[PDB]
């Protein structure tokens, strides 16, 4: 209601104006620059920035006079150097931009914030990395971890494989935070025979806030791209304070918190190491793939007609009939406890196997391992031919099944593959110090 009205009286966003309005019978006079409407609301209100910087709101109906003093002083549209002159004797690490922003410029006068992925920007914004390696920013695509599909993971693997095999010492993927753990699991299975560091990294606090965890995460991540660890890892704060990051093995990481930096944790397995922006490192494990010269081989194949179904008291078999019915080849059921399902639903699962669907079992209890022999319900799910996925993260098992169904459609074979340990995905046994950490 205001967008048009403004235009009607011939006004442009940014024009310096002087509004007069009525409030409880009497005149109130303002003077500011017309600002854009709230990112999500029809307006019976107009936004005006005063010569204070303070944004104010005015109700249309109350506006009696809205003169224009100065007009939209639109300007420049500055540009930055994509890549920058490297340094002698420093590794080449290419930062594949997946959409997760690691820096940003903010126009105070305008109040707008623009992402930043240009080397000339990452330089002034985050110098630290350039005294560790020659950073090569590579725009793959701007996307939110929220709406990212398997196909994207693929476009990632290649670009990593490429740059990596194209001489780069290590790669660093700047992904969004919401889905990072899914992505991580993806590349893990995709980058077959890897001999160099692959690092997913993002910020919990937006790049613009002085308190962003973006910087430290980047530094730590690059120092790792530069490490002797030959596998896909996620590098995020380890604690809440600016201390050290943790490098988790990309098949045992889950976002465990809605907004904290501690958000990412290793599950059912220990992290790989602690890194400090400072440079010191501390492996927490000895069994990690080491640096080599082997060429990374991307493995595309993935059947994405697979769904993840979380069980709960009161689910109807209809939810599963529907899936079989719409031609889903795989179902990763994230069930209850040791890996159970309500018995009133074991038949719809029994039927999904008969229709040659791959049904995998994991548990809603993020930590722990699935074992279907103990209790009767489990044995029943076993008979129906359900595939127990040991201690594999429910999200990881989802990604995995797609990949594995992208190789076979034969269940006996899907069993072996699922249960085969290509990455840290599964564990021989559960360590006591592997829970709630």
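Numbering follows the first chain given and starts at 1.
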Legend entry - Average Cα temperature factor in the PDB entry - higher stretch of 392-400, 40-48: 40-48
Inset, instruction - Please work out which of 239-247 and 293-301 has the higher mean CA B-factor as recorded in the PDB entry. - result: 293-301
Legend entry - Which of 110, 204, 266, 145 ranks first by CA B-factor in the deposited coordinates: 110
Legend entry - Top Cα B factor in the deposited entry, candidates 74, 220, 308, 346: 74
Inset, instruction - Quick one: classify residue 429 as lowest, middle or highest third of the chain based on its Cα B-factor. - result: lowest
Inset, instruction - Within this chain's modelled residues, let me know which third the CA B factor of residue 55 belongs to: lowest, middle or highest. - result: middle
Legend entry - Third assignment of residue 89 from its chain's C-alpha B-factors: highest
Legend entry - residue 342 by Cα B-factor - lowest, middle or highest third of the modelled chain: lowest
Inset, instruction - Compare the C-alpha B factor of residue 122 with those of the other modelled residues in its chain, then answer lowest, middle or highest third. - result: highest
